Amino acid sequence: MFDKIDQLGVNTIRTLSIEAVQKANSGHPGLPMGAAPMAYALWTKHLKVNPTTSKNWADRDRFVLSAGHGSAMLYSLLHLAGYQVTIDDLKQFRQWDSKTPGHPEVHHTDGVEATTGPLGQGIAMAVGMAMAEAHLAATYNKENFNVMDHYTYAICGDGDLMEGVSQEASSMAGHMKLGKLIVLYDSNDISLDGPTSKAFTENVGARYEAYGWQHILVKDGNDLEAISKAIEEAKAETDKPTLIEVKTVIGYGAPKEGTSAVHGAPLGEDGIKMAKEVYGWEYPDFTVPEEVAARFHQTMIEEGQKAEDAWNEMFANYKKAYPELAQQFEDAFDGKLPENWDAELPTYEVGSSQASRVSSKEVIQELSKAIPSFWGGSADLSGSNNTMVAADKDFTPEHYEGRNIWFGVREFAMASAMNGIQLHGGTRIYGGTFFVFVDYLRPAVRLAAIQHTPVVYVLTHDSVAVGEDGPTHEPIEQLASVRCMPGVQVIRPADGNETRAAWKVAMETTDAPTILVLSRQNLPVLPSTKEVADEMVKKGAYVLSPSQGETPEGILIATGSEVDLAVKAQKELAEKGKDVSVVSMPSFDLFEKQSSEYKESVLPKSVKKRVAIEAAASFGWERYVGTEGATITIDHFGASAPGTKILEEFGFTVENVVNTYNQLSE
Amino acid sequence: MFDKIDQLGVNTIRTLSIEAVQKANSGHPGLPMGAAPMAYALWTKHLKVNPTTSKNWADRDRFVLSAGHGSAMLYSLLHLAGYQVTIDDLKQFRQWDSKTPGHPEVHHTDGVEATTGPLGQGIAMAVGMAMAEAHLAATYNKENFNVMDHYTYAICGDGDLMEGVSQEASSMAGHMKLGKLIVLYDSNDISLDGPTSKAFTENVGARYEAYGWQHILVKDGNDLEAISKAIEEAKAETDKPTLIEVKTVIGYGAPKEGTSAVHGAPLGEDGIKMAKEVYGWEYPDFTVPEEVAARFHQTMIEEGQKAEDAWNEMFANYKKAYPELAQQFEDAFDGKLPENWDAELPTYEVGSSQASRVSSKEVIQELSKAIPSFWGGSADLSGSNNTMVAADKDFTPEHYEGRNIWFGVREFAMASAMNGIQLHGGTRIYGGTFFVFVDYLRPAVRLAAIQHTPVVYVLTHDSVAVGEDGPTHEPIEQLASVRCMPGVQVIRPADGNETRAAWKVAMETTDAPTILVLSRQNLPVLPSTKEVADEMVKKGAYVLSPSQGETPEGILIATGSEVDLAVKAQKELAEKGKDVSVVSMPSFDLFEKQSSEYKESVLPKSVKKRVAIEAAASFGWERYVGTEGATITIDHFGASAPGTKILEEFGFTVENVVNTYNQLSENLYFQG
Ligand SMILES: Cc1ncc(C[n+]2csc(CCOP(=O)(O)OP(=O)(O)O)c2C)c(N)n1
Ligand SMILES: Cc1ncc(C[n+]2csc(CCOP(=O)(O)OP(=O)(O)O)c2C)c(N)n1
Ligand SMILES: [Mg+2]
Ligand SMILES: [Mg+2]
């Protein structure tokens, strides 16, 4: 059962958390106090992790604290568990260069599996982690070798479940029958501003039951045994994901328990003392009882070591029995793209005019054949986005080996799950939606930037050329909205050859989300792209068509579909005697990470006659065009019309670029 | 209650819709074919509208087509109703400058209450409209006067209900017991990519029942009587919102019915004819049967005018009985601000330091007192956003007159509901969360910009000064992310006086959403603001502190929290004989609106020594600092540390401002 030492451990977590919040004079103490029993039971009796090996173990049970305001409890848990969070690390909570940030951040603190500040994304990321385990289990598990047999756990709050991303993810998870996803809900019945009664009165468990989820109610948050029994029931439900609703008194033992006051402000030294009185805690501050430390050592370090060693031996036998597949497992988790992966990648010729999206599909198809760890889907847009791998099955409960994922019209959930799949390891994911609906998945793109996750976004329908669907479905500001974001690689391919090479950047990217901005409209193949694209797209901007002279009199900058106008302009300008360089800038960010010498080759400082043609906003174009430069952009919303007409009416004609260049030349 | 004329009316809606899609060679015919029965039953027998008065009747039932891909069904319906959509307009479906755009757009087309292309937002706008009815009903309705008694209707498809904004809003709707909101769900069991078996196996009704909704399942989508019966049941359940799931066959009649093919592509002429054979339609193309037109005229034109006229008589009697409330009702709907709304607004002194969030609370609360229509709330962040009005009560089922809305942690739903509230009219809406979570509500900001809807966004915690919550809670790219967007007014107030003016700009803005970017940290009151802010913040950028002498040697440009550093740096630079002008730029948008002449006053082209200091991404600052100017900016994510420290390490110190300017002298440019 659960002994007195076990309750000491619970209260150690409680005291460490609340002390850490107080020293910082910042932080959230209520959830740590309320959720400390459910956390303790999970880690000590049910979570299989080897703290000694950190996150290196592939089959570690995955735990996400979606309610990141409980960071102090997680740090308390990592310290007790044997991860490298020290007592002094706890004391530096919410301080400069601390290993204990106010909200958990992956790769900043040992043992944190996800960056979980924003609400609902952690659940969705945990959904994706179970998707990955089911997929990798089906892909690699053979009889007598359970190479992937682990559970995804999350601890959420009332806020996580009021967010659409979780609701989207939970319907997804229920559909995908993720029996190994166990979410613990800290139903403290309170939120930041007050009681759940003022805005959140739904039957969460019934909703989850409608999604296909098992719902277990533990009416006593402080009954460890009831929580441990619930986890076992959830593990027994192999066909359905499980929500264990743990009713807790936020700030348990504190004077202001069951109020919003304990949510986000330090309890105060009065609160700590009174809470300790309830616990009978007369221990010194930032002190862990010896009994507790040994309990955590036996329960987590010792058992964890035995489990990984056992798994490691099974993999040893697995490698002998199935050498090629085991190596694949190893290479996928280490992010090693297969040899000659790019060999059969499509190439295109000057006669051709193919949409960037069709070109993407072709790259995707060969990528899927070559890379067995490559998988992905769309938000009900695979036909429109051309994100489907023909010759591969769909990712279904019946065939988890399938690598085509039907996310549904759940873009945010797709994006966050994708972040979780990347975080899990063994897979490279892509996700498809229209470019205008990047808005829906934007917070998860920002999480991917912070988390340095090599997610690929296949976002199509880049411009007003979509046409008849109209302003709501035509991106204008979306290219700028991603470019300001730190940590995101945004590439708009200008032809098929640029598209192939953009995918190659994404495949070879290991620390950044990559957004691919692709076109519905058919894209004519440009002059040098067949030969130079693979080498020069990664440089962000290159001289697609050079001027006749060493120094161009002017320079035309263009991205994507509008680079064709540029080359046609170059010739018309030549007939009137003007010599201009045409630069393809697929990516702003890739270009800025290049040398000053390279930037000079593409955009020489001498030439102030810079005209930029982009079917997008003008924001940030003065960086390259200049104060004195000119730009053909759209700074207004779209229209419902044949796309060819909208472009023509919005100034994307060879004649207009000539006139604007000539006016600037004056 | 339904005759062959009514089925012919259903077939008419379908034929006009599929014929228009084919002429355009673009569109979605599937939902029109299967949903035209349910649309017909609701409009002809349960929807209280006067087509003659367009969108000008205040107690009109509100219909939102959340599934915008079924635009043609709406346009067909508008023509049949008596709205100003001609057969000729339908022919121009999805063509340049048409009154029939591919997805419905408000204002462009008669009687379209919302721009509803993006999925889920329409149901959320509908939810907010029901919120607006309840508040206005409670605020204005008095005994024997049913000033506000209108239901809110939305038609959605599977995709709408998969989206999280819908799920948030539905939870919010059930909590708020908006029993007069009824959603009609095309359970066609098909999505763009294919069946819903592949992505959508949930029990929608069970979820909606958990939300506190009522679920009526109509198994025969073609049975008009059953649909109408369900709409009656829904109106009967006044304490619960209702989802009427009408199971339909997508593309009923076409050869490709019940498949993904009918969703988003023209059937083709053969398909139109084959469906017509099932329909028994021998009529020529783009034709309304005379029987159907007269049936529509009777059901909606004549009855609707009688209802608006009956309402108008009651309102006039209400005007006599309650003149004050009636004038307020008209003026609130008219958008007229009360006469002395600006009079009691807070003013602040140089010796004062206060966070713009606290300044906003004070401006809000006085605005609430003077403007009865003014209401709003936050996504569980009122303590942090300072968005609560102390005098007023919460907007609860018990107190629908309350002007404090608790949206919960539902930012997307809040912003879309806000859009519905403003579109409905009678109220001014503010909604609050952290500025870093605009990303959560971003699609609804865009829809507001396209809809020209004057929603006010109170987005606080603007910088790395948030501090210990960390990178995830600290905005960086967000300012540029909305300054890049068309049709949005983004004001970063630099002190309390600018904050008041910012609110004023938003209260006087009728054509655009306004985002107010406010600070957790205390902002010291700046030199000229108590006197010049009321007239100069509206100009976007102004010279807060002029140079000593007409032509400045440099421009220190700063927005929001960072302007104080610029003024302090001006002093230090002035002490060393360097004369710079401090330009405060609350809004990029408002400044570019001003005359070419005014811009030269604020930013003379002659002065090329410019340093811009803003604790945000450098994106788009090259427009003002210039190629040879410099920026003190954050192009990287933040940290978890006390906020003052983060700012110092990131260079928002007086020394760095001085030194960045001085290094500008070292350049070869600026030598000469
Ligand atoms: C998307 C998002 N919006 C807002 C916040 C701010 N926030 C953090 S916790 C919280 C309250 C949610 O309540 P709950 O999870 O029940 O908290 P508890 O009572 O357990 O502390 C809010 C609004 C956030 N972290 N993420
Ligand atoms: C937010 C958003 N995501 C995606 C799309 C693209 N889209 C339009 S309809 C649709 C399929 C949804 O199917 P459903 O609403 O059930 O359509 P029906 O079968 O009734 O035509 C998709 C993905 C969109 N318009 N908005
Ligand atoms: Mg809670
Ligand atoms: Mg459908």
# chains A, B, ... in the order shown; residues from 1 in each chain; ligands from 1
>>> residues_around(residues="range 18-34 of chain A", least_positions_apart="6", cutoff="9 Å", atoms="only C-alpha atoms", output="JSON, numbers by chain")
{"A": [10, 11, 67, 69, 70, 71, 72, 73, 74, 90, 91, 92, 93, 94, 95, 102, 157, 186, 188, 221, 222, 247, 248, 249, 250, 251, 252, 253, 254, 257, 258, 259, 260, 261, 262, 263, 264, 265, 266, 267, 268, 269, 272, 285, 286], "B": [468, 469, 642]}
>>> residues_near_ligand(ligand="ligand 2", cutoff="8 Å", atoms="only C-alpha atoms and all ligand atoms", output="PyMOL selection string")
(chain A and resi 379-381+408-411+433-434+437+440+473) or (chain B and resi 28-31+67-70+117-120+156-160+163+186-193+196+250+260+262-264)
>>> residues_around(residues="residue 62 in chain B", least_positions_apart="2", cutoff="9 Å", atoms="only C-alpha atoms", output="count of residues only")
16
>>> residues_around(residues="residue 525 in chain A", least_positions_apart="6", cutoff="9 Å", atoms="only C-alpha atoms", output="PyMOL selection string")
chain A and resi 348-354+494-497+564
>>> residues_around(residues="residue 511 in chain A", least_positions_apart="3", cutoff="6 Å", atoms="only C-alpha atoms", output="ChimeraX atom specification")
/A:452-454
>>> closest_atom_pairs(of="chain B", to="ligand 3", cutoff="12 Å", atoms="only C-alpha atoms and all ligand atoms", output="Markdown table")
| residue | atom | partner | partner_atom_place_in_ligand_line | distance |
| --- | --- | --- | --- | --- |
| B:380 | CA | ligand 3 | 1 (Mg) | 11.4 |
| B:408 | CA | ligand 3 | 1 (Mg) | 11.7 |
| B:409 | CA | ligand 3 | 1 (Mg) | 11.0 |
>>> select_by_dssp(residues="range 402-554 of chain A", states="helix (DSSP H, G or I)", output="PyMOL selection string")
chain A and resi 411-424+435-451+464-466+471-473+478-483+496-508+529-539
>>> atom_distance(atom1="CA of residue 600 in chain A", atom2="CA of residue 557 in chain A")
13.7 Å
>>> select_by_dssp(residues="range 465-647 of chain A", states="strand (DSSP E)", output="PyMOL selection string")
chain A and resi 489-491+514-517+522-524+542-545+554-558+580-584+610-613+630-632
>>> write_last_selection(atoms="C-alpha atoms", output="PDB file, in the first residue's frame")
ATOM      1  CA  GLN A 489      12.416  28.792 -40.927  1.00  0.00           C
ATOM      2  CA  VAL A 490       9.878  30.040 -43.480  1.00  0.00           C
ATOM      3  CA  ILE A 491      10.559  29.114 -47.116  1.00  0.00           C
ATOM      4  CA  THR A 514      10.161  24.799 -40.967  1.00  0.00           C
ATOM      5  CA  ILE A 515       7.167  26.347 -42.721  1.00  0.00           C
ATOM      6  CA  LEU A 516       6.794  25.603 -46.420  1.00  0.00           C
ATOM      7  CA  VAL A 517       4.707  28.216 -48.235  1.00  0.00           C
ATOM      8  CA  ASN A 522       0.887  26.394 -61.324  1.00  0.00           C
ATOM      9  CA  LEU A 523       4.486  27.572 -61.035  1.00  0.00           C
ATOM     10  CA  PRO A 524       6.609  27.991 -64.170  1.00  0.00           C
ATOM     11  CA  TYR A 542      20.348  33.986 -54.577  1.00  0.00           C
ATOM     12  CA  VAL A 543      20.813  35.592 -57.979  1.00  0.00           C
ATOM     13  CA  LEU A 544      18.360  33.537 -60.028  1.00  0.00           C
ATOM     14  CA  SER A 545      19.002  35.670 -63.120  1.00  0.00           C
ATOM     15  CA  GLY A 554      18.811  47.866 -60.270  1.00  0.00           C
ATOM     16  CA  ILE A 555      17.839  44.674 -58.506  1.00  0.00           C
ATOM     17  CA  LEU A 556      14.442  42.968 -58.445  1.00  0.00           C
ATOM     18  CA  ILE A 557      13.708  40.902 -55.323  1.00  0.00           C
ATOM     19  CA  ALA A 558      10.889  38.379 -55.433  1.00  0.00           C
ATOM     20  CA  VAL A 580      18.572  44.400 -63.528  1.00  0.00           C
ATOM     21  CA  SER A 581      19.396  41.417 -61.336  1.00  0.00           C
ATOM     22  CA  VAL A 582      16.586  39.033 -60.381  1.00  0.00           C
ATOM     23  CA  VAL A 583      17.046  37.554 -56.918  1.00  0.00           C
ATOM     24  CA  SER A 584      14.967  34.667 -55.631  1.00  0.00           C
ATOM     25  CA  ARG A 610      15.504  47.664 -55.407  1.00  0.00           C
ATOM     26  CA  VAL A 611      11.971  46.606 -56.352  1.00  0.00           C
ATOM     27  CA  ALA A 612      10.333  43.704 -54.527  1.00  0.00           C
ATOM     28  CA  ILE A 613       7.396  41.724 -55.949  1.00  0.00           C
ATOM     29  CA  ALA A 630       9.977  50.304 -54.109  1.00  0.00           C
ATOM     30  CA  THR A 631       7.821  47.270 -53.566  1.00  0.00           C
ATOM     31  CA  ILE A 632       4.861  45.688 -55.316  1.00  0.00           C
TER      32      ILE A 632
END
>>> residues_around(residues="residue 396 in chain A", least_positions_apart="2", cutoff="10 Å", atoms="only C-alpha atoms", output="list in words")
residues 131, 134, 135, 175, 176, 177, 393, 394, 398, 399, 400, 401, 402, 403, 404, 405 and 406 of chain A; 198 and 199 of chain B
>>> atom_distance(atom1="CA of residue 362 in chain B", atom2="CA of residue 585 in chain B")
22.7 Å
>>> atom_distance(atom1="CA of residue 63 in chain B", atom2="CA of residue 112 in chain B")
8.1 Å
>>> closest_residue(among="B:2, B:292, B:274, B:588", to="residue 79 in chain B", atoms="only C-alpha atoms")
B:292
>>> residues_around(residues="residue 80 in chain A", least_positions_apart="2", cutoff="12 Å", atoms="only C-alpha atoms", output="ChimeraX atom specification")
/A:8-14,16-17,39-40,43-44,51,73-78,82-87,90,111,286-301
